[PDB]
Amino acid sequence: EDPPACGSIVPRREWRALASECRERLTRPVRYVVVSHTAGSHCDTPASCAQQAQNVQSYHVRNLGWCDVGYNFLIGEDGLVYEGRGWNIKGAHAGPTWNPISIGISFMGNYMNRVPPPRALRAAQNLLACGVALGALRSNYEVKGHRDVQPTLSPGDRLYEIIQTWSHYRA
């Protein structure tokens, strides 16, 4: 019986997202969070970041044939969180073994030789507390890098060393 507010998320409709066709659910509460980067263009304003959110979803649906944008949430350098598949629907961001048991949040950019700005990290972190607040994440959830669960550079050398310093990181 826990309903009270948490965080601000730019909702699906606001970034003009094509409707989702996904239906398979995740079991509450989820234990894992997998952090990735989109290795795409970065954006630093709400307008440019909505455009970008759109280009990622578009590529995932129109080209890779997924039911919706791959991630559960995306993060913009504008410091805003963008609604992806949400807390309840299984994403498609870290392979068949990890997708069924995790929330995948992806920073929008290529963080190999750049770090995302403090407002991004802050937003990403708020998001997770919120997940815990809503009961979508276990209070003792675990943060993982994309590269820890799949062979990739994601989330980029720099954002990778950053996230290892997070309270909930577990190699």
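In case it trips you up, residue 1 is the first one in the sequence shown, and so on. Here the rigid core means the biggest group of C-alpha atoms that line up within 1.5 Å when the two forms are laid on top of each other.
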Comparing 143-151 and 5-13 where Cα RMS over structures and residues is taken in 8 other deposited structures of this protein (core fit), larger one: 5-13
Tell me which stretch has the larger mean Cα B-factor in this entry, 108-116 or 30-38. 108-116
Is the Cα B-factor recorded for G70 in the lowest, middle or highest third of its chain? lowest
Among modelled residues of the same chain, the CA temperature factor third for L128: lowest
By the entry's values, the third containing the CA B factor of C43 is the highest
